[PDB]
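Enquirer: Shown below is the structure under consideration.
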Amino acid sequence: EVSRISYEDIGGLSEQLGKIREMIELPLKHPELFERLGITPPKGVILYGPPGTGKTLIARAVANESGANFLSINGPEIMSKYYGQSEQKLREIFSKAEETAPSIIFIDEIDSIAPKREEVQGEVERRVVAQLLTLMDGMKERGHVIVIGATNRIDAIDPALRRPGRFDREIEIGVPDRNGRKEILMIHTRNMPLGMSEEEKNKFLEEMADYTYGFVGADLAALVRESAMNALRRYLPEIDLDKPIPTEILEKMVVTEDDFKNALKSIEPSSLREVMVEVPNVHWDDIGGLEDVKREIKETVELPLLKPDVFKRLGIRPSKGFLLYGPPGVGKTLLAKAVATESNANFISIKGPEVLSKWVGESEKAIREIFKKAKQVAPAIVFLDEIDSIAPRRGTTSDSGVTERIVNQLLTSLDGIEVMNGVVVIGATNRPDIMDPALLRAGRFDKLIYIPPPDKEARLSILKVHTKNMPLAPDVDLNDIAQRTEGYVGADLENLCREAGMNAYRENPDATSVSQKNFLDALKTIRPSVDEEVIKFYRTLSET
Amino acid sequence: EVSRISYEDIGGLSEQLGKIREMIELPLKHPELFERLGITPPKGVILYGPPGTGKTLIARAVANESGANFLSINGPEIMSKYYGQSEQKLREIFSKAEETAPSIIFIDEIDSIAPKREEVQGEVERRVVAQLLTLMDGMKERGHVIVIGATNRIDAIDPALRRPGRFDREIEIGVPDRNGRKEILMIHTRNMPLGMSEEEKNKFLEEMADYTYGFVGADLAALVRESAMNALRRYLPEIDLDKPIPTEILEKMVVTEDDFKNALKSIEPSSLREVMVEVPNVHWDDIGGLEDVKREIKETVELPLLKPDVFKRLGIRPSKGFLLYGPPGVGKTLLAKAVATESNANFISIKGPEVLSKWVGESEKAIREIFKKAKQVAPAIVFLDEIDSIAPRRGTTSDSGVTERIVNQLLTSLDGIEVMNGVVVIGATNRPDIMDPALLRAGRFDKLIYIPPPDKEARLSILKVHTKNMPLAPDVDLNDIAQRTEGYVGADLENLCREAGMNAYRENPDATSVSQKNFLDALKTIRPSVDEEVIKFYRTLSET
Amino acid sequence: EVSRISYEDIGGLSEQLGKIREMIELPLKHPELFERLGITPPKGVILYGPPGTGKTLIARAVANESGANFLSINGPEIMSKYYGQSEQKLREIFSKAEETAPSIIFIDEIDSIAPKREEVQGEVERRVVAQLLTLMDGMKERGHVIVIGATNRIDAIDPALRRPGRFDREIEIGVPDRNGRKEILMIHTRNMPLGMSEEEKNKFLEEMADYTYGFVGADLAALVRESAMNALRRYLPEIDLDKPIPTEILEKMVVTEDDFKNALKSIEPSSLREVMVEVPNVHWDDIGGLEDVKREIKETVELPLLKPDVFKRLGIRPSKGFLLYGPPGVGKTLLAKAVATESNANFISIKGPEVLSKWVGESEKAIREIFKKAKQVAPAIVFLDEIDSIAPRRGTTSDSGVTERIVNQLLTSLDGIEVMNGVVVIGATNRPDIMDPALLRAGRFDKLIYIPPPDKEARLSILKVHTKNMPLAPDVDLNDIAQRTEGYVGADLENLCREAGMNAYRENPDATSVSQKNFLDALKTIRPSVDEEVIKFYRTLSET
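Quick look at the structure:
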């Protein structure tokens, strides 16, 4: 190849690349190791990954990493060639391989050549499928050619092409790690203006890029393409004026860093199918009271997220998660989110009903991918709110395959938490009893965080924080309204401050800051919600 | 102009249109700048949105917003010709592109020329998919061939052709902004007369346009078509008097503002997709009872839509909807129906049984389409009547797919309403208890409107309003019967006045205006629906 | 393999392989025998059991011992197709069989291709059943179109497909026996370097082997593959030393025992309907306290299970089970788990409440499924926790079907016990009296092991063992708290030591070897759990 692509080009994948090195690259260099000792290396290998990683470019750099003769044919063009001018291609490349060994047979998107499992029937489809299949069979298990390929998905070929001994060693390459992304974007920075070497800009760009959880290799490259374009807008008022182009601009293109950030705004980062909320901004300060809980929540979360290691030095075994239980949505969701904000750790909130209506086709594989995605996005806190909803008592009869498929997959996936994994499960539920106790058994949830309903003192604190948006009148006395009744939860008090506005807008035709009277009327509008019957329910349920 | 369209002739899409200009037109003019500093051009753009509604016209005006060869071919005829000669058809045009490049290759319906990845297969289909794939590869750095195209839907394409470096640039062009819409409709006004110079009429057309719920380019133009028709009605019993076209009126015809006003509805130009069941006709004044509720319910729907701004001076909150719950028999639907007539925003109604039977072949996709369509058609009020019927308890176990399919989709879709969105949920149920408590969790119904049964004082107003139609004798004492019993519901007092008539018609076959006696007998024919025991059920149920 | 896996290559299936051998293989060798004497063997054969284990390998070796043309079709792809094209697939293969006959037609998951006996809810379902039926009917003997089929569910297939002729012969195989694994792993060992031909390695391979009692021939083989891979890592920094293979290591690499061990973590060969239970690892010696119970329980379980032989010479039939009973969770499960640790046998735990509530419209089928799941997965020891929960007294007036459904099914299924399996029924309960005494009658629980809660003296032992991992200041003595108090249960004292850690880690942000005070604060956080009231109850109830 004319422009040989060293590791450093697709670099930042080094973790994953070390797999590749040790897996496919070694036999491709000298098979003698595996040939002499242990199982024969598979000569068909697929690099599987979430669609795109600059698909081709990944394996194109593995080709030249081994330095093996970069024989390329690609799926679109494999079936482009005429009937029986397709057939001679394959054989020609393979023969050219056998001569030039090490030779990396690089065929990509082999899903495109052989798609449907058996719903393919095509003339050429069986011809070329067979040819490659047979070209795989014909081999010398010392003839230094391997066949690398890519696909977007494991199921995306004929089972014949998966058949053991014919494409079967498997390598997953996902979304690049935050620092790794820098390397990639750095390589693309070589073309780009930044104006100077600016290790500082590089560091800025580093955290700039971390401002998004990710973009894939291709997508990263689009971010940079955007910057250029976007920055060319900045220079659109200056340049246009000079109808014949000036070469004075040759260093009057120096992208302004804010351009990158502004391109970052609107570029639809990544292309992930499922929602991936990052870390919310809700500070501990924004929580409605519960200073005590904060001290405890910090030590509960922080020990697992921040420092597993030192506990193994003692010899104690940390927990495997926790559940929140108490009066429904006291800003439950806010408590969880809060702890996650202050922790750098990504938060994932995938709503309990969402997953229960979401399946990969009435099939639990979506949940198994949820945990997978969580593992991948780690350090992170997966949050399942209404965990009851995703796993009620297995005695529920609405469930049929719900329990078999998903609840048990959930079970094993919750068990899937490991000390090495950075995931932490913050479950939250309104009524525990509804939930399947297997999730409350050892090896899963361990503690149930009771939330006392809003105290008089805490009403004040939820109130100051909430009314931060609203303008208050000199007339207001905030501690008064708190003291008027503790009879509310946080969620209604949200609406309380709101409802004050609703009343108020009627009162003052054009709005003027909420007043004691505006609060009073609204106080008597909302019904109390802190049932002394339910507090006792949880009080007694605190035994369990 | 009409022949020889250019953006300035008709656009009004300017934010979006500005994308097109700045994207493909900019490099195409002076590439020397961008070639040297920054990005190389893209090679394909797909225009996603409401179909051929401006899609074509955009590129049709890139025939004068350019002058680069507007090589026009369209998908249906591209793939037809004498099997296996079809592929060379495409290619011939591509070659003819390179010669005449700068050339704007204009192909539309890149679904007909873009099947699904593997889901769709077909000889010609896979043939042409590959060809186009290779035609994308055929693009050179030197190249100056640009490809614009349109398709029915985003997902209708082959993701391979989506994959960057193959139709890398993608532009979705949405429903036009309120302020933008004015431009569109104004420009389309050019041929027809209005009033005088009337910046005021232009401004009327502006606010007219915010009075229009949002109309796509076509729909806006349909207003213009209507006006023609409507104003021609005015001239209808004048013009067809003789065989030649009159000159006494030929531009001494006048298209008055009122034509527009009658067009504004009453020909429902929000034909923005999907079937929307026909309107009633009643306005809140014409409905009686629950004046208080009316004042708030009105304020819930009207306030954001009619005046977002004054509520923002206080500070807005979401107000995603409300549920109506109480004793049935005020005609739940009638309260709802009232608001929907009067509301400026479009109303969306998907009646419970319809959606609940939309499991054709097991396709929950329909509920998922409701919200999707709602989002697109926003600002709007979606209406769910007997929401229980579409979403009972998720503890139901008579389900096949029933909970999984629809109910859980409902969940995720209700969460799917965003604060920025103008979609609002007007729920109705007779019995809350039947619906899953998760829906009675906040943010999946912001406030819960208890309907207390009609007060005596309100009975007077509902009753008077209802008997307004009836011929009424002076023998009546309407406030008397109102004051006699609150035991009726609204449905009953309707029937009270009805049954009175029945008594009366029997009594005097010859017409007589209804009398007190006609009310008395009927008073004892109908009976109180209301049972304070049942009121107590709902009264207690107001704490979920 | 190269020369396909010969009959003699596979083994440990000797009971079964000898069946096949003696059945289809004999005529295929010399037909002359059967040609002279009576009818020739049939075509259909069913392999019942957990799959892929040897399913394939059986028929993969038929070829080497009969010259049959191994030809396959597999369940997923048979049923993929479109209507009326599913049928022709099979038939096409049958004709292709006849050409190449003798042909060992090998079909797997034949449940999937004939999923329902009469309860078919599909076209294709009825299609393929008929085809296969007809594929049996056309019959050619001379062309030995021998068709072996396999399934994971014995009775899934239509009785028609099991008919005399039409798969008359059925031969069941399952997860290998302990000794059988050795054979299997031994044959697979010939291709790799153990570290010496050494009888010791064979013996090592034996105790290595007991960790599965023989789970899946394929899985076993993957385990060895893991070792290889792992060992190639060990020599990876050494193969890094030289690209041309050294003569020092030209495969004078040794696959060290630690490799085997390191594969042992993370390969999970427990795959037989992986529900099972997680592996216990606390031998009875590692079990704290209750030295007395251990001594008696050990001789009770171990004598029949570990030494079947000495029991058979007597001729006394093994126990039908036993009960463990004591105060709520002393780590009841740990006693059970213990029994399972020392035994090779798989452990099964299905909790009493969990099974009992599956009353999804009322469906006892779950209790009935327990035993079913157990019976198949045997050798295993079932533990049922809270026998009270699955069986109360039947004398209460709140019983209807409660007793009939579960308790008697439980009853009949417990009697259903097979002593020709490694099942041992270990019941556990809070209060014995609560259960119906019939389960305490013979044919079920034979003896009743009262588990008196731990003593102070046992507290001494539990405390040291548990904190064995944890570090400890030499100035602080454990025996101080042990001799001090004991109300605390053992399961709680577990958490005591845990919580001690939590407190201590809280104290110093740097590691410590805990203080007495660090134990104290948590000591009083936990409450006592030996109510002298319940102990006297059980003590007196020992006279029941």
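Residue numbers (this note's numbering), protein chains in the order written: chain S, 1192 to 1735; chain U, 1192 to 1735; chain Y, 1192 to 1735. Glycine included, each C-beta is placed from N, C-alpha and C at the ideal position.
1) When Cβ atoms are compared, which residues of the stretch 1269–1303 of chain Y fall closer than 7 Å to chain S?
2) Taking 8 Å as the cut-off, decide whether the C-beta atoms of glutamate 1398(S) and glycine 1334(S) are in contact.
3) Between the Cα of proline 1367(S) and those of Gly1203(S), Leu1651(S), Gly1506(S) and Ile1561(S), spot the shortest distance and give me the residue it belongs to.
4) Does the distance from the CB of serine 1294(Y) to the CB of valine 1336(Y) come in under 8 Å?
5) Do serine 1534(S) and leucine 1496(S) have their CB atoms nearer than 8 Å?
6) Alpha carbon to alpha carbon, what distance is there between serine 1457(Y) and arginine 1504(S)?
7) Residues of chain U with CB closer than 7 Å to the CB of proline 1544(S), please, in chain order.
8) Please report the distance separating the alpha-carbon of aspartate 1624(S) from that of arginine 1584(S).
9) Return helix, strand or coil for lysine 1456(S), following the three-state DSSP convention.
10) So what does DSSP say about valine 1616(Y), is it helix, strand or coil?
11) For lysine 1566(U) and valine 1614(U), which I take to be in contact (beta-carbon distance under 8 Å), what is that distance rounded to the nearest angstrom?
12) According to DSSP, simplified to helix, strand and coil, what is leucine 1204(S)?
13) Could you say which of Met1420(Y), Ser1589(Y), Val1568(Y) and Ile1301(Y) lies nearest to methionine 1611(Y) if we only look at CA atoms?
14) Would a C-beta distance cut-off of 8 Å place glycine 1340(Y) and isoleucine 1298(Y) closer than the cut-off?
15) With distances taken Cα to Cα, identify the nearest neighbour of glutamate 1300(Y) among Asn1265(Y), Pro1518(Y), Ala1292(Y) and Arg1317(Y).
16) What separation, rounded to the nearest whole angstrom, lies between the Cα atoms of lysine 1489(S) and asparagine 1660(S)?
17) Any beta-carbon of chain U closer than 8 Å to the one on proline 1233(S)?
18) Nearer than 7 Å: is that true of the beta carbon of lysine 1280(Y) relative to any heavy atom of the ligand NAD?
19) With distances taken from CA atoms, which of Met1693(U), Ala1649(U) and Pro1662(U) is nearest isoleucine 1672(U)?
20) Distance check for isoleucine 1375(S) and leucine 1423(S), CA to CA, integer angstroms please.
21) Could you tell me the alpha carbon to alpha carbon distance between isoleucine 1578(Y) and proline 1662(Y), rounded to whole angstroms?
22) Rounded to whole angstroms, what is the Cα-Cα separation between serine 1604(U) and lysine 1556(U)?
23) Output, in chain order, the set of chain S residues within a Cβ distance shorter than 7 Å of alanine 1633(U).
24) Under the three-state reduction of DSSP, which class applies to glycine 1408(Y): helix, strand or coil?
25) Going along the chain, which unbroken runs of the alpha helix (DSSP H) with 4 or more residues stay wholly within the stretch 1537–1618 of chain Y?
26) Please tell me whether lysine 1392(Y) has its Cβ less than 8 Å away from any Cβ of chain S.
27) Determine whether the beta carbon atoms of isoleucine 1642(U) and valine 1530(U) lie at a separation below 8 Å.
28) Please state the DSSP three-state secondary structure of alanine 1252(S).
29) To which residues does DSSP link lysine 1234(U) through a beta bridge?
30) Drop a sphere of 10 angstroms on the beta-carbon of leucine 1602(Y), count the other beta-carbons inside from all chains shown, and report buried for 16 or more, exposed for fewer.
31) Taking beta-carbon pairs under 9 Å, can you tell me which members of the stretch 1576–1597 of chain Y lie near chain S?
32) Looking only at its own chain, which residues have a Cβ that is under 6 Å from the Cβ of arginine 1369(U), when we skip the five neighbours before and after it?
33) Got a sec? Which residues, its chain only, sit under 6 Å from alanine 1250(U) by beta carbon, not counting five neighbours each side?
34) Return the chain-ordered list of same chain residues with a C-beta closer than 6 Å to the C-beta of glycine 1405(U), the five sequence neighbours on each side being excluded.
35) Name, please, each residue of chain U whose Cβ falls closer than 7 Å to the Cβ of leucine 1547(S).
36) Let me check one thing: in DSSP terms, what residues is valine 1338(U) bridge-paired to?
Expert: Based on what the coordinates show:
1) For chain S, the residues of the stretch 1269–1303 of chain Y that bring a beta carbon within less than 7 Å of one of its beta carbons are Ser1271 and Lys1272, in chain order.
2) no
3) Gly1203(S)
4) Yes. Within cutoff.
5) yes
6) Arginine 1504(S) and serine 1457(Y): Cα-Cα distance of roughly 23 Å.
7) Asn1599, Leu1602, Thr1603 and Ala1629
8) 8 Å
9) coil
10) strand
11) 6 Å
12) coil
13) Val1568(Y)
14) Annotated as proximal: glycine 1340(Y) and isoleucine 1298(Y), with beta-carbon spacing under 8 Å.
15) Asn1265(Y)
16) 27 Å
17) no
18) This structure does not include the ligand NAD; it has no bound ligands of any sort.
19) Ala1649(U)
20) Looking at the two C-alpha atoms, the distance is approximately 22 Å.
21) 39 Å
22) 11 Å
23) The CB of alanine 1633(U) comes closer than 7 Å to the CB of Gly1520 and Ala1682 in chain S, given here in chain order.
24) In the three-state reduction of the DSSP assignment, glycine 1408(Y) falls in the helix class.
25) 1543–1547, 1556–1568, 1578–1581 and 1599–1606
26) no
27) no
28) helix
29) None; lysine 1234(U) has no bridge partner.
30) buried
31) none
32) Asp1401
33) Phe1297 and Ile1339
34) Counting only residues of its own chain and dropping the five nearest sequence neighbours on each side, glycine 1405(U) has a CB closer than 6 Å to the CB of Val1366.
35) Within 7 Å Cβ-Cβ: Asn1599.
36) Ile1296(U)
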